[PDB]
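Trainee: turn this into a model:
(12 chains, ligands or ions: 2)
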Amino acid sequence: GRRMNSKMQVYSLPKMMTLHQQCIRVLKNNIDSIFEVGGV
Amino acid sequence: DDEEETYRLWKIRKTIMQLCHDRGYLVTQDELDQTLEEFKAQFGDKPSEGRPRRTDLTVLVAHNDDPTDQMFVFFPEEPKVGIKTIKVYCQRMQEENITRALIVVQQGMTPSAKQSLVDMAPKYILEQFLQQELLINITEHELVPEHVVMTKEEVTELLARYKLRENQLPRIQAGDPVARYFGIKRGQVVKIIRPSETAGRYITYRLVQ
Amino acid sequence: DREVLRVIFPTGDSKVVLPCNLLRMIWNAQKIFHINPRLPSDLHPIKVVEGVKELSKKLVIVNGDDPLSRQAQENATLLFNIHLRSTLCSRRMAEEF
Amino acid sequence: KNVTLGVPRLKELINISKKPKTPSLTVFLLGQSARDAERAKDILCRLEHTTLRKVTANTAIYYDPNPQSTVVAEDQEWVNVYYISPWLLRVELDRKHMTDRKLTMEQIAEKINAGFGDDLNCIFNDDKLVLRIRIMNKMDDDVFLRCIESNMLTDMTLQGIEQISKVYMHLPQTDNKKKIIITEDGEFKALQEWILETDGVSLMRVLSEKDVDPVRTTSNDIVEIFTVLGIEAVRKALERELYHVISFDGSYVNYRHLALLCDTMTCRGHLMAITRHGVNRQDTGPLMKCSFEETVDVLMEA
Amino acid sequence: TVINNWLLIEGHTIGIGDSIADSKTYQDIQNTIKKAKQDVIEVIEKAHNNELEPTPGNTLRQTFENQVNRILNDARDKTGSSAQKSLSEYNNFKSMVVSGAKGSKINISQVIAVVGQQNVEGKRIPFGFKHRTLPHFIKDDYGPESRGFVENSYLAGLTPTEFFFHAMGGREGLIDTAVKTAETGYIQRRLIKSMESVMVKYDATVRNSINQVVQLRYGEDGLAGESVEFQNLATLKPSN
Amino acid sequence: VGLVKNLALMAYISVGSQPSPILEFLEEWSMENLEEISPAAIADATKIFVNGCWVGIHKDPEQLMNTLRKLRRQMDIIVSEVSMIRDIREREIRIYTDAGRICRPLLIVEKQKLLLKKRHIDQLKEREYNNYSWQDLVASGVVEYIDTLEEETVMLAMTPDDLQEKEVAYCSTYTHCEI
Amino acid sequence: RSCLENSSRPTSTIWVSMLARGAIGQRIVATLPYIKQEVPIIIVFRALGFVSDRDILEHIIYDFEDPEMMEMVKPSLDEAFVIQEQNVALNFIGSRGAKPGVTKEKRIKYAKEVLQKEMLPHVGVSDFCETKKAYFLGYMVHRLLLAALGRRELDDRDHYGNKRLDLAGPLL
Amino acid sequence: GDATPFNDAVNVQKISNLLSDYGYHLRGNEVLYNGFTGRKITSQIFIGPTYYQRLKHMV
Amino acid sequence: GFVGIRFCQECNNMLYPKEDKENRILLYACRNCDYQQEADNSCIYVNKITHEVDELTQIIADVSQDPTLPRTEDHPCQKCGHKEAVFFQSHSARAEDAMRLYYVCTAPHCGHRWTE
DNA sequence: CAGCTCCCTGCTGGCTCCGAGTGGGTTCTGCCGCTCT
RNA sequence: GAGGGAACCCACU
DNA sequence: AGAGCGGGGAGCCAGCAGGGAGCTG
Ligand SMILES: [Zn+2]
Ligand SMILES: [Zn+2]
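Mentor: Numbering: from 1, shown residues only, chains lettered A, B, ... in the order given. Ligands and ions are numbered 1, 2, ... in the order given. See the structure here:
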């Protein structure tokens, strides 16, 4: 008796993300989780 | 365009000749299946110049059962038709002692013209017909069944058989398109033959009111 | 009759609504009289023809002998007489029924 | 198609309505235009009404005191090829609307000239359309030119019939609107032919056109059929429409009940609606009419 | 009487085991629904890239809605058909449907597989809010669940948005009944009063109260409607 | 049918409030009155309506709406039944304090997390012996009364399971959640 | 449906309507309470104490780079051009009230009290409130223009944001 | 039993397994006997406690 | 395109077009007072029929903050290159013919709006 | 030939209809003050 | 062995 | 002197005001 239930925002990450781009975009999705960057 | 009005005039003529053949007037088979190229041969092609002239398109037919009884079919050249031109046609009716006539207007007539046709209808029978109404034969439509104008003897034996008065029949208006097509007045009875899905055939009788 | 039918029904719909169910009546006659369908029958085709003619005279809707009455009676039972002739054929009553 | 059906169409049928909710035509095509899609489209664009608004992209009032020296100068060349009022209608059209209607530019010019008597003047060329209208030969000319601009936009017929708003071409996959013919073998064979279903009715004008079947072309408008084809034709049409309404569900009502209703509705030569305005105008007794409706008015008129 | 006493022997029931389908059927129905929702998203992204073709006679939103509704109705019919073919011969829903006693096949579809699309005035669930059907949705959401497609059966139970859209769908039917009774009654009354005195007379003609001829024979054949039957003309269809 | 209706269980109809303290707060929170502005400033400023009365314009509607919601969520100047709608597309802020508005309490979701946490449930578990009640939840900024016009500008989560990140993320900006 | 808050008095409804096409263009008129004919809206703005046209159109059209709003207020301006003074506008309104006046002074008093206490009571029922009432009337005309241009969408009658519930309190 | 409308913790399969844990058929059916003859009814009858209410509309 | 209104400077009112045949030019002549003004543009009345291709001036950038508007990451901004955007449709009656997405950059102070 | 007459059309106002059949209930008539002793 | 009307509301099929 | 009398929708039809034609002095 399981109920099927899901939604989808229709449309129309296909992007060559290198090391610095991946690092900055991971930080751009988890900004608030930084305690102390060290010496950056 | 000259070609559009040439096609119009040919179709109007063909419908008029079908109408006259249906009313019982003597119409030869050559004129009944007369085609557009035969209209371009018999008449002109450029009505703006006037090679087919509407006055040249006037039809004279005679009744099958009485060759001294004839019908005119006039085609006025003006869009709106008043007293002057129908009095010209009435003088023509008098001077060639014709009884019935059809006037095929192309836009209409004045109200006083319609009143005047009703006025001399006891003496001379004139019938208004628009060009747009005559651009097809309505009796060939699939909805329109077979209309047959009954002779007064047939009406007499009809009301004798069914023991009916005239007012106990179904009615049809005098301004009905098929009643106008067959040119029938009050007191005439139309036999209407139509196919039936339960009986096969059914004959209704309709008095012209 | 077939030309009349094709005039009446230009769409080719053979379904009509008619009083007597002739096919079921024929099946009733087969079951009542124990008709063996694999034997020769003692029914002369002229009996079929004349019986259908007399029956069609006997099914009167419009009464009288006036030609107006005759035409109305012919029109009132046109489909049923067509269907009765198409069903009680001498051919169909011999090889089919 | 938004064809009215069910109870509202039944009410539209038995109350003879001068304006049905969705009046429609079923145009059948006579000849190879029934088979070819492209001359079927030619008949479609010959039937559907096309105002000048249906093709215009923009219109503008300009000031050109000298037409030799055009202000706009995007159209200077052919205007000076041509060589009045200093006021100007410059109308630019949408080319897709200009092309799918198969209109040509001189047709628009001659329709302007015929509609307004050619007292004004229209000059055109393009190869980004331009049509330039000036008025030839007490009050400012702006209000007159704006009024004739509004008349050309919302009152003008380029092609088609005015009461018909739009036309639905389709090919029937069902025999209910097909062309059932009898072949040389005596078989019944369906012919899949292009049919048109308009959103307005002008039955006389449509029936009169070329390559339109003047036999099977019909309407769902009962008053239009009565005015065009007669009383027995509208009896047959009323029977067909009532049968459609009843048998859309697959439900069956015997033919004699529909036949009795239509024979009652068309017995007296005209369309007698199933209302007080049809039944209480009959030749029946005053007590029956006062039983139905408008009791006191019927009794006073008696 | 005979069948009621044999049913005393045999017995007939309906249970919660009749709403149950096989697990393979549930996987097939969920696969059909997932495929249909993927097709709906494909149509939405085609219309959003201006790749959808506007059919003649319809505006672009009308043909978009028609394509979506055709996909969802095909989904409901296919899921229902799989569910009602998976039924065993011992099923009670199947017994009462194929006996014709009670229940459509759509009832089996809605009980077992998919309740289906909910409609208000024939269209899908309107944007009652500012371009949303409910405040649980993003704006401009034209998908199945946003505009009233219920992907659950009555056995699975509806989600709250599906429950509210189904309440809108049923309220539409209750309204349609309670406002069509008066119009139908007025139509019936006017039909009666226009022909209450029309009758077959003793000369077999059909006349009204004032003896005008309506039909010369009743139904043009003079026959009563009770004793006529559906028959076939054997000489119309065949070739020469 | 469809004319006589019933309230839902947690639906509460607003009883009415004085527009005044909202009006002094708006006066001392950078709203420029209509009687002291040129019309040329209207074209890019957000109009402010209080009980349908256009009272002024404001040029920072983020901070004004956030300040007003913060005041309502802590039972300050804005009482709990005051409805505060922001129509972003048409640059309007409508404040309704009149009676007859029907509203319901919804949980507040901020940054995809409920503001209702386990300490509230623990305190409500002993309602008889903490004197903790529903009104303290209203005072804690946890639940919020949302009416019909304000429900056009909120993004509801049906369950807190909607707030969880999905493989096909439908929305990540839920504003409230259903109880 | 205007009604001044925290005061039980019956609601006074003002309509601001825009005529159908089938003159030059689209005319905005105002069905005021207790004025039994359709006053043009520019005449109402004149009667509120606004002789000019940047005054009226700044009250109505808030952005002057927008041309379509101007092209739709143009017929309403040009139909009400012959009235240019405040008291002339007051006479033009009061001549078609429920109680006409043989004296011009009585008609001026009638139109003043109608536009003072009956036309939009919620924004102001007191003197010197012509600017707030005129901004709200301009907002009504602005919303009419936005909906007629299609830029804004028509309101829904069944939306309970548009509906209040008279309970035992307001009814009693 | 809890029958709050939207509750994932309660579904037909869970209730069926719970009913099978008490020596009943999982889908609620039982082997009923005819009261008049004593013979087993061939179908198995869905029987269980259901909340009925008596309405004011007495004959 | 569209040409704006012209306003009188003396009596603060509307101007009206008129054609002076003395210079055979176009002047904006007020008819409450005697103020006249020559016209920079000859266009007096102008209408748009199928020229509704620009829905972007009706869009204000503020709609980037709407929590109910859908956000996407697959359509980056051209001006500032932000990943987040909000997408919606044009909701006018004159945009029932189209379901074109209009996008607004979610990031503050950018405000760039585009289509496709 | 200008002004008058005389019938088609467009408009607004008026008018009349709105399913069948059942239970049960409350609340109202009637609304109060007088002129005579 | 038979002494109120009307208005309204709710409900039933 | 208290007792009693008085005082909403939908759709069709009909009349009147506008045309456009014809008519006469
Ligand atoms: Zn000036
Ligand atoms: Zn950006």
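
Trainee: so which residue is dead centre in chain H?
Mentor: Nearest residue to the geometric centre of chain H (Cα atoms, centre = their mean): residue H:48, 3.0 Å.

Trainee: just want the residue of chain H that's nearest DNA strand J.
Mentor: residue H:57 (8.9 Å; Cβ to the nearest atom of the strand). From N, CA and C alone the C-beta is placed, and that goes for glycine too.

Trainee: over to that residue. Which of the three states is it?
Mentor: coil (DSSP: H, G, I helix; E, B strand; the rest coil).

Trainee: quick check: the residue of chain B at minimum distance from chain G vs residue B:128, distance?
Mentor: Of all residues in chain B, residue B:107 sits closest to chain G, at 24.9 Å by Cβ to the nearest Cβ. Applying Cβ to Cβ, to the nearest Å, the value for residue B:107 to residue B:128 is 12 Å.

Trainee: distance of residue E:101 relative to residue F:120?
Mentor: Counting by Cβ to Cβ, the gap from residue E:101 to residue F:120 is 55 Å.

Trainee: out of those two, which sits in the more crowded spot?
Mentor: Using other Cβ atoms under 10 Å in any protein chain shown, the more surrounded residue of residue E:101 and residue F:120 is residue F:120, with 17 against 9.

Trainee: how far away is the more buried one from chain B?
Mentor: 78 Å (Cβ to the nearest Cβ, to the nearest Å).

Trainee: separation between residue D:244 and chain I?
Mentor: According to Cβ to the nearest Cβ, residue D:244 stands 31 Å off from chain I.

Trainee: ok, for that residue, nearest residue in space, not its chain neighbours?
Mentor: Spatially, and ignoring its direct neighbours in sequence, residue D:244 is nearest to residue D:5 (7.7 Å; Cβ to Cβ, 6 or more residues apart in numbering or on different chains).

Trainee: the one you found: neighbouring residues, count only.
Mentor: Neighbour tally, residue D:5, other Cβ under 10 Å: 14.

Trainee: show me what from chain B comes close to chain E.
Mentor: In this structure, chain B approaches chain E at residues B:162-164, B:167-170, B:196, B:198-199, B:202-205, judged by Cβ under 8 Å from any Cβ of the partner chain.

Trainee: same for the helix of greatest length in chain E, what does it pack against?
Mentor: If you go by DSSP state H, chain E has its longest helix at helix E:160-194. In terms of contacts (3 or more Cβ pairs under 8 Å, 6 or more residues apart in numbering or on different chains; DSSP states H and E), helix E:160-194 is packed against helix D:7-14, helix D:276-279, helix D:286-292, strand E:149-150.

Trainee: quick one: strands adjacent to the last one?
Mentor: This means strand E:149-150. Looking at strand E:149-150 with DSSP bridges, its partner strands are strand E:116-117 (antiparallel).

Trainee: gap between the partner strand and the chain center?
Mentor: 11 Å (Cα atoms, centre = their mean, to the nearest Å).

Trainee: likewise stretch B:185-204?
Mentor: For stretch B:185-204, the distance to the chain centre is 21 Å (Cα atoms, centre = their mean).

Trainee: can you check stretch I:106-116 too?
Mentor: Counting by Cα atoms, centre = their mean, stretch I:106-116 is centred 17 Å from the centre of its parent chain.

Trainee: only the buried residues of it, if you could.
Mentor: I:106, I:107, I:110, I:111, I:112, I:113, I:114, I:115 (16 or more other Cβ atoms under 10 Å in any protein chain shown).

Trainee: equivalent analysis for stretch G:162-172, please.
Mentor: Buried residues in stretch G:162-172 (16+ other Cβ under 10 Å): residue G:164.

Trainee: right, is it up against chain E?
Mentor: No. Residues of stretch G:162-172 contacting chain E under Cβ under 8 Å from any Cβ: none, with a closest distance of 11.7 Å.

Trainee: list the contacts of that stretch.
Mentor: Stretch G:162-172 has contacts (Cβ atoms under 8 Å, 6 or more residues apart in numbering or on different chains) with F:13, F:15, F:16, F:98, F:99, F:100, F:101, F:102, G:8, G:155, G:156.

Trainee: just the strands in the stretch 51-200 of chain D please.
Mentor: In the stretch 51-200 of chain D, the segments counted as strands under DSSP state E, counting those that start in this stretch are D:56-63, D:87-93, D:120-124, D:131-135, D:167-170, D:179-182, D:188-191, D:195-198.

Trainee: distance check, the closest residue to chain B within chain I against residue F:83.
Mentor: For chain I and chain B, the shortest gap (Cβ to the nearest Cβ) falls at residue I:49, measuring 29.2 Å. Applying Cβ to Cβ, the value for residue I:49 to residue F:83 is 42 Å.

Trainee: who has more neighbours, the two?
Mentor: The neighbour count for residue I:49 versus residue F:83, taken as other Cβ under 10 Å, is higher for residue F:83 (23 against 19).

Trainee: can you list the domain ranges for chain B.
Mentor: Per the record, chain B has its domains at B:1-136, B:137-209, by CATH domains of a matching chain.

Trainee: dump the ones you listed into TSV; add distance to chain C and mean neighbour count as well.
Mentor: Output for these, formatted as TSV (distance: least, Cβ to the nearest Cβ, whole Å; neighbours: other Cβ atoms under 10 Å in any protein chain shown):
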stretch	distance to chain C	mean neighbour count
domain B:1-136	20	16
domain B:137-209	3	18
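
Trainee: beta partners of residue I:26?
Mentor: Beta-bridge partners for residue I:26, by DSSP bridges, are residue I:19.

Trainee: center of chain A - which residue?
Mentor: The centroid of chain A falls nearest to residue A:29 when counting by Cα atoms, centre = their mean (4.5 Å).
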